[PDB]
Amino acid sequence: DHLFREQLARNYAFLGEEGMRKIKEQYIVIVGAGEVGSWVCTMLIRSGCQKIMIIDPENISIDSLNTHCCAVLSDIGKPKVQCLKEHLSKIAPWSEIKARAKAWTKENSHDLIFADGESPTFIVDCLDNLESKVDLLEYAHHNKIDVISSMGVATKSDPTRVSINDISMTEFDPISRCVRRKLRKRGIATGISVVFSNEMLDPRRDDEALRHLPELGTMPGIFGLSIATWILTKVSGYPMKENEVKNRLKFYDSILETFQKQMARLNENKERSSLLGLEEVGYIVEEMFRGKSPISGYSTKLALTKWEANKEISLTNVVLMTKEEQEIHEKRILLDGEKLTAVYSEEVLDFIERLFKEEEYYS
Amino acid sequence: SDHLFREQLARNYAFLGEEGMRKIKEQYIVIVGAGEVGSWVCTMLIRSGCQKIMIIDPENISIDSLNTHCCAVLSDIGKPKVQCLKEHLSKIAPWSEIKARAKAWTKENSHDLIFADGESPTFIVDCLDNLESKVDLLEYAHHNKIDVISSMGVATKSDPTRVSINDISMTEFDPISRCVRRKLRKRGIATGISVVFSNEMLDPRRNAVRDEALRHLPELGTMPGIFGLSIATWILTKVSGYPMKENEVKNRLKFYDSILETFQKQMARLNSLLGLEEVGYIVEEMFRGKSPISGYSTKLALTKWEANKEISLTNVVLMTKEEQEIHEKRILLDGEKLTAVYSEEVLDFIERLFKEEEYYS
Ligand SMILES: Nc1ncnc2c1ncn2[C@@H]1O[C@H](COP(=O)(O)O)[C@@H](O)[C@H]1O
Ligand SMILES: Nc1ncnc2c1ncn2[C@@H]1O[C@H](COP(=O)(O)O)[C@@H](O)[C@H]1O
Ligand SMILES: [Cl-]
Ligand SMILES: [Cl-]
Ligand code: NA
Ligand code: NA
Ligand code: NA
Ligand code: NA
Ligand code: NA
Ligand code: NA
């Protein structure tokens, strides 16, 4: 009773009575007991949450003893969740720790997280499998739960550059790109706060399908804690920064109008023209061409245009460019209808064709 | 077996390159203090490679130091902090030699502790709280040319992004760093000592008021780790042939000459003991590169404060050559009162800035 309070005396003195009282009553769901999740579960419990749940099927491979905070030679081949509850039941016997040695899915979530008829306060994504994460975040958002997602920690080697901001604003982190694009594709643009760092290492040997490669055995720690920290502060009501968002709705509208015009010029069907709404103009400009004309590189006064004459309107057959560039394009390649090989050089058409192949991956 | 080490540490091996690891193995790392930050540090370098660490921490694993310490559990409370680690780390890294030391750290024993076995220390990590001992340590680190990192403070820290690693010189902002740097500079050293710290502004809710009797307040369970992990990350990335930010220092040595030149010149126009390193302190640390009269950073100079007192650190003020000339005629030569020339708003701020400095002596 009064022995518990002396263990966390530090946090009681910092966040206060009102703040700390609010943390105890919460219930957190950790999806991924891996090298990054490991820490959250610990730190959350060390800093003193009574109830958390860990969801991870796989066992601790000899690999993980480089990063995993609480594991040890003796825990090789222990289900990652099973090891935590064992190495946290010596920190806090008071703490209920629901350990689930099963995989998470869209279909089992309803009957697994609500278990014993109690809602969760927080979902912490600490997954690796792209296909599984996006699904979790979709489910996390659409049910309106306070939720934070870890991005990958691969290629990262400086703890100063790490950050927590809205998934929308991870432009320059190649690791995040793979998920937020796939998550944007399902409509979710700016709902989620996430960890990551804008650290690029292209001069390394290492080695357009981008993948998770190596990682420095400390960094995952940094992430885990920085999440826990961010949880602890958000939950408590301590002052933090709000997440800035990258929705240039005004800019997406102005573009759409330059496309919605083109559809009245060509005089094409209303059942194909309405397909491109504000929602999808955003995706196209921000995630595909990254606010940059693929022919030149300019970013001032752009517009959309049907890419080929004969083919239907879709993401595979459309592109943005400078007004002047779409003026030419509209006039030359599709209205007069001459082959695009004489209007555009080799260099560019290879950059375009691949830039659709990459879009066809996320479809 | 070698194979154990490699297959266990593989992901790092593949990250930094075998040539990188070779160096990590060679390292003999002294970690002074193993309380919150120290504990973190120690664990990670062992866990991430290093097979030779010394730890120096008297106090025992307090029941409160559970939401902080990196491994410690209820079973091993009331146990020497250095031992607790040795046990947990010798279960994860049997290959690793962790010479724990119950004893406390002094300027005198330092050598007879660290060099005892005969191996020269490659890297020192300050994780202390007693300011005296910390300075005494950082002092020792530099005089014995040992690549050294030092935790500053985790007091009033909320933001895991603001955590920076850099030189003492650059930590102007972080309020905690002052007491540590100030003394350090006045011992005769304000460059070379790498330090982790958050320059996170003092949180408003729990302009001429600065009297440094301000100290450490409450921690936040997670933050110590951020510091620990980061200075581990740092040490690992440095030792291994891996690229790095390369922290750069704000020691305006050129400036100090040009301002001292004004002071030295004022002495020859009147009727010289003041050092260049002493000015640098007066300039950067006390007046903070800004006149207390105007606030401008341009065309600055020194000048004897009042004619009655001896030329000391508590009786020379930095200001514009504009302000030097006026002050020189009116207070040094014409012999006027101080209340007569300068506003009381200034003369207070100047008094406090001496009562600040008065402490550090
Ligand atoms: N679909 C999934 N649902 C839940 N956990 C998963 C799923 N796929 C993988 N995991 C686990 O989550 C871990 C992610 O942690 P990490 O690789 O350290 O970021 C993996 O190592 C798996 O053990
Ligand atoms: N003079 C000293 N020499 C070495 N270690 C010290 C000295 N004074 C205090 N410490 C240790 O510094 C650590 C700081 O950790 P903490 O008290 O948790 O902030 C404690 O574990 C102390 O035992
Ligand atoms: Cl959120
Ligand atoms: Cl063992
Ligand atoms: Na809330
Ligand atoms: Na519109
Ligand atoms: Na150094
Ligand atoms: Na400290
Ligand atoms: Na930063
Ligand atoms: Na100097």
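Which condition from (1) within 9 Å of chain B (Cβ to nearest Cβ); (2) of a type in the set (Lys, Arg); (3) under 27 Å from the mean Cα position of the chain (by Cα) is the one that A:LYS51 breaks? With (1) within 9 Å of chain B (Cβ to nearest Cβ); (2) of a type in the set (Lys, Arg); (3) under 27 Å from the mean Cα position of the chain (by Cα) applied to A:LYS51, the lone miss is (1).
Of the residues in the stretch B:5-23, not one is more than 12 Å from every other protein chain (Cβ to nearest Cβ) and part of a loop (DSSP other than H, G, I, E, B). Given the condition more than 16 Å from the chain's Cα centre (by Cα) and more than 20 Å from B:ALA232 (Cα to Cα), answer yes or no: does some residue in the stretch B:133-143 qualify? The answer is no, given that none of the residues of the stretch B:133-143 is more than 16 Å from the chain's Cα centre (by Cα) and more than 20 Å from B:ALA232 (Cα to Cα). Taking the stretch B:174-279 and the helices (runs of 4 or more DSSP H) fully enclosed by it, the elements with 2 or more residues that are within 14 Å of another protein chain (Cβ to nearest Cβ), away from ligand 10 (no atom under 16 Å from the Cβ) and touching an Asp or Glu at 6+ places or on another chain (Cβ under 9 Å) are at B:223-239.
Restricting the search to the stretch B:18-27, which residues are of a type outside the set (A, V, I, L, M) and surrounded by 15 or more Cβ atoms within 10 Å (Cβ to Cβ)? Answer for the stretch B:18-27, where residues must be of a type outside the set (A, V, I, L, M) and surrounded by 15 or more Cβ atoms within 10 Å (Cβ to Cβ): B:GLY20, B:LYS23, B:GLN27. Please indicate, with yes or no, whether at least one residue in the stretch A:187-200 is of a type in the set (A, V, I, L, M) and over 15 Å from the mean Cα position of the chain (by Cα). Scanning the stretch A:187-200, I find at least one residue that is of a type in the set (A, V, I, L, M) and over 15 Å from the mean Cα position of the chain (by Cα), so the answer is yes. Residues in the stretch A:73-115 that are buried (at least 19 other Cβ atoms within 10 Å of the Cβ), of a type outside the set (A, V, I, L, M) and within 12 Å of ligand 1 (Cβ to nearest atom): 6 in all. Only residues that are more than 15 Å from the chain's Cα centre (by Cα) and closer than 30 Å to B:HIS69 by Cβ were counted in the stretch A:201-226, giving 12. Among the residues making up the stretch B:160-195, those that are within 16 Å of ligand 9 (Cβ to nearest atom) and under 11 Å from B:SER150 (Cα atoms) are B:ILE165, B:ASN166, B:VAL195. Checked against the criterion of being surrounded by 22 or more Cβ atoms within 10 Å (Cβ to Cβ) and out of contact with any strand residue (DSSP E or B) (no Cβ under 9 Å at 6 or more places or on another chain), the candidates B:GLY241, B:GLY228, B:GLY221 yield just one match: B:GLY221. Scanning the stretch A:184-217 for residues that are among the small types (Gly, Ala, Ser) and more than 21 Å from A:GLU244 (Cα to Cα) yields A:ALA209, A:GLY217. Condition (residue is crowded, with 23+ Cβ neighbours inside 10 Å, over 23 Å from A:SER163 (Cβ atoms) and of a type in the set (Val, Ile, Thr)) applied to the stretch B:160-183: is it met by at least one residue? Yes, the stretch B:160-183 contains at least one residue that is crowded, with 23+ Cβ neighbours inside 10 Å, over 23 Å from A:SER163 (Cβ atoms) and of a type in the set (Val, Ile, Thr). Each residue in the stretch A:297-325 was checked for being under 33 Å from the mean Cα position of the chain (by Cα) and assigned to a helix (DSSP H, G or I), and 1 pass. Within 12 Å of another protein chain (Cβ to nearest Cβ) and closer than 30 Å to B:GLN8 by Cα: does that describe A:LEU44? So A:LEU44 passes the test.
For the stretch A:25-41, a residue qualifies if it is among the charged types (D, E, K, R) and either away from chain B (no Cβ under 14 Å) or within 16 Å of ligand 8 (Cβ to nearest atom) (or both), and exactly one does: A:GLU25.
A quick note on method: Cβ atoms are made from the backbone with ideal geometry, for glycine too, and the neighbour counts reach across all protein chains shown. All of the numbers you see were taken from the coordinates with simple rules; none came from a lab.
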